[PDB]
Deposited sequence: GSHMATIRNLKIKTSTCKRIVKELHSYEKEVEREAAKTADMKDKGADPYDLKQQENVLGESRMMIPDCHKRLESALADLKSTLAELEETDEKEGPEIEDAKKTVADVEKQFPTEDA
């Protein structure tokens, strides 16, 4: 029904946002990992290196939690799609949701 599609839109947006958050966390990891490498070949002392290794470690710890939220959002979206498939011509919102499901599953 129409309300289900409006729900679908929100759930699609939620997935897209969490993917964006995930990518942001991932980019932070990549940047922190590159900084770690730069400090190592630059001969940073063990204290500074440890500090940076902790920063990297914590950046990485953001990722699984983000995945969990993403997986939850993907389940929410898929559930709504499944509800709509129960009815059911495909328009832009279902298209967008399905595209987003595909994008999320690639993460």
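By the record, the deposited chain contains unmodelled runs at 1 to 2, 90, 111 to 116, with no C-alpha atoms placed there.
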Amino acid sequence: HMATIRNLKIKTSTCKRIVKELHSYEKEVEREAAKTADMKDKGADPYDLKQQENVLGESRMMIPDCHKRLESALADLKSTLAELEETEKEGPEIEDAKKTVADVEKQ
From here on, numbers count along this sequence of modelled residues.
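Here the stretch with the larger average CA B-factor, out of 23 to 31 and 40 to 48, is 40 to 48. Look at the C-alpha B-factors of 57 to 65 and of 78 to 86. On average they run higher in 78 to 86.
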